[PDB]
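For reference, the chain that follows is the form deposited in one PDB entry, supplied as structure tokens.
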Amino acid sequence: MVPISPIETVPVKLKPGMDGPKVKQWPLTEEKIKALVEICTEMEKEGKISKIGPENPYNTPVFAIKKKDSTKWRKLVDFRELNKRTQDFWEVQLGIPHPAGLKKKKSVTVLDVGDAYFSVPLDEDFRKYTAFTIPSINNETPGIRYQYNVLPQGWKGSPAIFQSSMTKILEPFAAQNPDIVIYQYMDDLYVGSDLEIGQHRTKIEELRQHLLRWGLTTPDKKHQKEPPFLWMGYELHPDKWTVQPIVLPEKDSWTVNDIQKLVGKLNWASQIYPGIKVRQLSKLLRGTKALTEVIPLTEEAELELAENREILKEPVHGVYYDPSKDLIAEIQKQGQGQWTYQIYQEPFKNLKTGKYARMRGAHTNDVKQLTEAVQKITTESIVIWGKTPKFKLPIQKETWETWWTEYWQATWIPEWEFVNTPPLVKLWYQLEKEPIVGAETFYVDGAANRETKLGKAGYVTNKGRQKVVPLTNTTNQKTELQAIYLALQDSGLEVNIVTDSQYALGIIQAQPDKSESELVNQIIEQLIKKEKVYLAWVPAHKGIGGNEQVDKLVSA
């Protein structure tokens, strides 16, 4: 024989303070017991398991499942209890490769490594914890006791240890053949290259040889699976990729379940199908989670669904990454806090698409949302391609400079250029930095009774203009906002406004253009119509004239 290199075992431990499993073996029919005996005898012939003496105190239940539409049974060792007691492992399958980051390949061959899996031995000191028992016929003899010598199917550490064992085997072959790509998924190895099919098939045979150094055989009758590959919900072709078919169902009535799976399909399709929107459909699941209840779909939801059906009429494909060309990312505003983007290298051939939704919060504006969408695309691009794309944004360079220089927070967008495709992101108002000469000065204030919810809001001005409005079902914070709204309502196009509300300033200094409070939205609408607005703050209850006068009027 030819000597083969052994696969070094991974030392496995149980979690600290825990012991192995000691679970009862279920009673089995006489027909199931025979089937397990013949199955386990074959596994023992192949070296997968070994019979053990009675001193081993551990046990894991075994079952026999009828392979549907066949007279052949199949074994199942229920390692659920041992998995609870097995240590945590490093899981490399943490992050899938995104197809948009892959490179085009002329040839991609598949090799089966199913036999190589049980050539990976289990740590000798851990094998005792995998003990199981086949019940004897009529319970008149001791049951047959086995333990595993290889990675058992269903055990917690089997995927991680197999992947790491094969990784260590493939490392020298990949390093010394940099003109090929190798990827492992389940019991298969995928080898791609740009080599001519003669040189490519030579590399495949060289890989088969290299695998025999460890005694791992691969089937000679080459794999039936061939491009395209159905993999992780994608369709992989040699020079293109897409998602597996997205079919939106026809339904006269929709359930919470139907909408949950509908948004999931739309989210999955949004990575290559441009312009997918899910806000109005996702609004219908707000707060409630009774799986079977029916929800009437709003007219806003039927339009969004009809728009999505029109986007999904015909297939759309993405191209693969060319490292020799720049990445370009373009963003568009869709409305209602929805943003869509495309990432490409050559015009009209996207690598991938995507979308971004506004975070739920009290107040926000378009510039903040565009900034957040840029940071999400940036991070996603570092993951997939290892570099930041050049951005094409629907915001003028002058608008951005005005925003970030005056915004109270530090903010930054990477290298970008303006693209003139409406709707453009703009600033709807900008407060003055100094008081306005000639503009009327409005001293506003509001107050409310915490028990009766009754309050007043109003203002007094330097020209003698006054107003106090009685209010019901309001709070101290609402009256302070209402008072500012009244000053904006009753003033000319330039106005100075003096308030003592730290609450109202914390809102307005955040510069929102849309809010969850309609009262703030009315103030924003008033601010947009003005020419000049100066907002000044003073502390309350300090004898500040103007503020002191209106406070007595509104707190009465």
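Note that residue numbering follows the sequence shown and begins at 1.
What comes next is about the form deposited with a small molecule bound, which is not displayed.
Q: Counting only non-hydrogen atoms, choose the one of 303-311, 122-130, 287-295, 438-446 that falls within 4.5 Å of the small molecule in the deposited bound form.
A: Contact criterion met by 438-446 only.
Q: Among 502, 50, 41, 29, which has at least one heavy atom within 4.5 Å of the small molecule in the deposited bound form?
A: After the contact test, the surviving option is 502.
Q: Please tell me whether any heavy atom belonging to residue 540 falls inside 4.5 Å of a heavy atom of the small molecule, as the geometry stands in the deposited bound form.
A: Yes - in the deposited bound form, heavy atoms of residue 540 and the small molecule come within 4.5 Å of each other.
Q: With heavy atoms only and a cut-off of 4.5 Å, decide whether residue 366 touches the small molecule in the deposited bound form.
A: Looking in the deposited bound form, residue contacts with the small molecule do not include residue 366, since no heavy atom lies within 4.5 Å.
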